[PDB]
Ligand SMILES: *[C@@H]1O[C@H](CO)[C@@H](O)[C@H](O)[C@H]1NC(C)=O
Ligand SMILES: *[C@@H]1O[C@H](CO)[C@@H](O)[C@H](O)[C@H]1NC(C)=O
Ligand SMILES: *[C@@H]1O[C@H](CO)[C@@H](O)[C@H](O)[C@H]1NC(C)=O
Ligand SMILES: *[C@@H]1O[C@H](CO)[C@@H](O)[C@H](O)[C@H]1NC(C)=O
Ligand SMILES: *[C@@H]1O[C@H](CO)[C@@H](O)[C@H](O)[C@H]1NC(C)=O
Ligand SMILES: *[C@@H]1O[C@H](CO)[C@@H](O)[C@H](O)[C@H]1NC(C)=O
Ligand SMILES: *[C@@H]1O[C@H](CO)[C@@H](O)[C@H](O)[C@H]1NC(C)=O
Ligand SMILES: *[C@@H]1O[C@H](CO)[C@@H](O)[C@H](O)[C@H]1NC(C)=O
C-alpha cells in the first residue's frame, strides 16, 4: 500500500458527507483527519498537488477530492484561560480572562 | 561536445504545496554548473547509460525529437519502455519491442496508453520499479545552446513498470540538439514565492558560499565567518587481517555425528584453531531452525571468535522453543540452561528418520550446568509420534571478547599499508584511520589496546605480531569567511 | 571544571545505555539493520 | 571524537600589549587617558591627586 500524501485512487468503503464551510468541524479527507475550520482559499495548488503543509508538517490546506477546490484549514479558536481573583480570604468571586 | 547545466534541472520534489518559504530537500537533481553531454541533429541517437537517473533536455523548432527507449539491451530480449509523440497523440508502451539496428521515425506487453523556439526539459528516475517523469515546456529564443535561467518542473507521470533500466536511447524524426545530464543525490535550498512557484535554488555541494546558504537556510548571507561543515579525510583502500590458518573447523563431526548425547548429559565440544565457514550451516536446507540470539547469521563469515563451543544433545520437538535466553520451563530450568546474555545460534533438526525406532536411550532431568521418586525421566521415541519426535540440537556458543581470535571464518586477508588512511578489519574489528609503527609494549596475552572512550588505540597484527597505532585521519571544522552578499559572492575557507 | 566536563563527556562514550555494546562498529559488524538500528537508537539516545 | 578547542582571538601577546598600554597610561597620564587624551603628569603629582 502506498500511503504517500498524493491523490488517492483506491479509497476505503465509506460514504461521504456534505462539506460545511466557516464552522469548526472534524474532517476526514481521503483518510487524513484533523479538526479545524474549512474556508475558501486563494492558494493555487498545482494540478498534481493534493495537500499543503505548514512548518510543523501539519496540514495547511487541502484539495476537496470530489470538487477540485482548495480549502484552508484554520485550527478552531483556543487560548489559555486565566482566573483573576482576590484571595479567597476576601472573596470567592472571580473574573476570567 | 559538452555544455554548462547552469541552474536547470530542478523539479517540484513532492505533491506538497508551499509558499514564501526557503524549504530544503534531498532528491536526485542535476548538480548545478556540472557538464551535460550535447548531441546534435543536423546534416545522433546513441545509446547512453541511465546510471542512477537522467535529466534530459531538448531544443526544438520543428518537433524532431519524438520519443525515448529505456531498458538494458533494447533488442526484444527484455522489456523496454517506449514513449512516442506523433502529431497530437502521446503513446506509451512497455513491450519487448524489436527495435531497429538504428531506431528512428521517418516523416509480452504489461502496459499501454494513448492520449530554436521551444525548450522541453524532462527528468527520468527509476525508484523501486517506478519510472517517474517530470517535465517543463517553455518558449525560447536561442539556437546555439541551453538557455541560462531557472524554472522548476512538475511531475506528470509515474509508471509502475518494474523494469531494470541501465541504458536509454532517443528517437528522432527524419525527413534539434539535446542534452543528457546525470542526476545525483544533492541537497538543495528552494525559494518558494507567494504563488508557491520555486523562483530560485542553491545546490549544497556547489561551492563554499552555497554551503553557507544551505547552512543558514537563506539566499542572502551577512558579513562573517560561518561553520558550514566538518572536513574529514577519507580512506583509500581496505585492509583485512586474519591469522593465516588453513585448517577447517570440524562442524561435520558435530552435526553428522553417529549419536547425540542425552540432554541430562549433554556434550560440549571445543572448536578452535580453524576456519569456520558458517555459510554451509546457514544455507543448508536440512535444518528445521537456525535462530541466532547473539549475532546475525550472515555476519558470521566476517566476524571471528576466541572460541566456539558446540553443545550437542537430543530433546523432544516441542521443547526446541525452550532453548533460548530469557526462556523458562521444565527443560530450560531443569536440564539445559542458557545465559540470558547468551551469544550465539541454536540449530536444530528432527531425527525422526534416524534416532526414532522405541528409542529409550534419551534421558532428561546454572548456565551450562551438566547435572550428571526420581527426578530422572526418559523418552521412547517412535517414527509414528511432530512435537513428539526427537530433535537433534546443537547450540553454538560464541565468545566475542576482545582477545586473540582462534576461530576466524573464510575471508582472505590483504596486505597491510602503513602511514595512509585506510578502512581496516582486524579479526572482525573494524574502523577507519592511519596504521603506524608503535612503541607500545603489549604483553603477550594482549591483542587490542583501548583509549578513554573505549575506542581502539592500537592493535596487534594477527599474522605478524607487531603493534600498530591507530590515529584517526586529520579532520576539523570548515568555516567560510565571507563579506555580505550585498558586497560580494567571493569567499575564503578555513 | 572545563577539563572535568570534557573528560566526563568522553567517558560517556564507553557506556552501553542498554545496548549490547558501547562500540558502534561492534553493533554494526554483528547485527543486520532491523536489529542493529534498535541497538544504535539506544546509544544515540544516551549520547545525545 | 569530534571534540576540538578553538584559539582565542586575542593571543597572550596581544593581551600583554593591552595591559602594557593600560599600565603605561596609568603611570604617565593618570586618569586622563581614560576620559580623553593622555595628558602627561609628573608621577609624584599624580600621587598627590
Ligand atoms: C463528484 O461528483 C460530481 C458530480 O456531482 C462529478 O462531476 C465529479 O467529477 C465527481 N468527482 C470525482 C473525483 O469523481
Ligand atoms: C483569613 O481568614 C481567617 C478565618 O479562617 C481569619 O481568622 C483571618 O483573620 C483572615 N485573615 C485576613 C488577612 O483576612
Ligand atoms: C567539464 O568539461 C570541461 C571541458 O570542456 C572540463 O575542463 C571541466 O573540468 C569539466 N567539469 C566537470 C565538473 O566535469
Ligand atoms: C501514432 O502511432 C500509433 C501506433 O503506436 C498509430 O496507431 C497512430 O495512428 C499514430 N499517429 C496518429 C496521429 O494517430
Ligand atoms: C513471454 O514470457 C515467457 C516467460 O513467462 C517466455 O517463455 C516467452 O517466450 C515470452 N514471449 C516472447 C514472445 O518472448
Ligand atoms: C504570481 O502570479 C501573479 C499573476 O496571477 C503575478 O502577477 C505575480 O507577479 C506572481 N508572483 C508572485 C506574486 O508570487
Ligand atoms: C552433513 O552431511 C551432509 C551430506 O549428507 C552435508 O551436505 C552437510 O554439509 C554436512 N554437515 C556439516 C556441518 O558438515
Ligand atoms: C603468518 O604467516 C607467516 C609466514 O609468512 C608465519 O610465520 C606466521 O606464523 C603466520 N601467522 C599466524 C598467526 O599463523
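In this analysis, Cβ positions are derived from the backbone assuming ideal geometry, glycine residues included, and neighbour counts consider all displayed protein chains. Rule-based calculations on the coordinates, nothing more; no lab input.
Just a few scattered comments:
- Cα-based convex hull, region A:44-94, per residue volume (Å³, whole number): 130
- Extension reserve of the residue B:194-residue B:231 stretch, reckoned as 0.36 nm per residue once the Cα distance is removed: 9.6 nm
- Principal-axis tilt of helix C:33-47 within chain C, Cα atoms, nearest 10 degrees: 10
- Here the simple spin-label model places points 7 Å from the Cα toward Cβ, and for residue C:41 and residue B:35 these points are separated by 4.7 nm.
- Placing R0 at 30 angstrom, the Cβ-Cβ distance between residue B:361 and residue B:272 gives a FRET efficiency of 0.50 after rounding to 0.05.
- Shape call, region B:260-378: gyration tensor on alpha carbons, a/c limit 1.5: prolate
- Cα-based shape type of chain C, given that a ≥ b ≥ c are square roots of the gyration tensor eigenvalues and the cut on a/c is 1.5: prolate
- Here region B:52-139 is described by how far its Cα atoms reach on the three principal axes: 39, 32, 25 Å, from widest to narrowest.
- For region B:201-337, projected area of the alpha-carbon convex hull averaged over all directions, nm²: 16.3
- Kirkwood Rh and Cα Rg combined as Rg over Rh, evaluated for region B:99-175: 1.01
- Over chain C, Cα pairs under 8 Å with separation of 6+ residues give a relative contact order of 36 percent.
- Residue mean of other protein chain beta carbons inside 10 Å, B:12-21: 6
- With only Cα atoms counted, region B:108-248 has Rg and Dmax values of 22.7, 74 Å.
- Averaging the Cα positions of each part gives two centres, and for region D:29-46 and region B:291-328 these lie 87 Å apart.
- Values of log10 I(q)/I(0) for the protein assembly as shown across q = 0.07, 0.08 Å⁻¹ run -0.86, -1.04, by the Debye formula with one identical scatterer at each alpha carbon and no solvent.
- Compactness of region B:382-488 as Cα Rg over 2.2 N^0.38 Å, two decimals: 1.85
- With Cα atoms defining each centre, region B:374-433 and region B:458-494 are spaced 38 Å apart in the structure.
- Computed per residue of the protein assembly as shown from DSSP H runs no shorter than four, each worth -39500 (n - 2.57), the mean residue ellipticity at 222 nm is -3000 deg cm²/dmol.
- Compared with the dominant Cα axis of chain D, that is its longest principal axis, helix D:12-29 is turned about 10°.
- Equivalent-ellipsoid semi-axes for chain A (Cα gyration tensor, √(5λ), whole Å, largest first): 40, 14, 13.
- Averaged over residues, the count of other Cβ atoms within 10 Å places the peptides A:52-59, B:8-15, B:319-326 in the sequence B:8-15, B:319-326, A:52-59, highest first.
- In this rough spin-label picture, where each label sits 7 Å from Cα along the Cβ direction, the residue B:441-residue B:105 distance is 8.3 nm.
- Relative to its Kirkwood radius, the Cα radius of gyration of chain D gives an Rg/Rh of 1.33.
- Shielding value for C:22-32 is 6, the average number of Cβ atoms from other chains within 10 Å of each residue's Cβ.
- Residue B:118-residue D:26 pseudo-label distance in nm [points 7 Å out on the Cα-to-Cβ vector]: 8.4
- A Förster radius of 51 Å combined with the Cβ-Cβ distance from residue C:11 to residue B:257 puts the calculated FRET efficiency at roughly 0.55.
- Report note on the peptides B:189-196, B:310-317: ranked by the mean count of other C-beta atoms within 10 Å, highest first, their order is B:310-317, B:189-196.
- Taking every residue in B:449-461 and counting other chain Cβ atoms within 10 Å of its Cβ, the average works out to 3.
- Modelled FRET efficiency - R0 30 Å, residue B:127 with residue A:74, Cβ distances, 0.05 increments: 0.25
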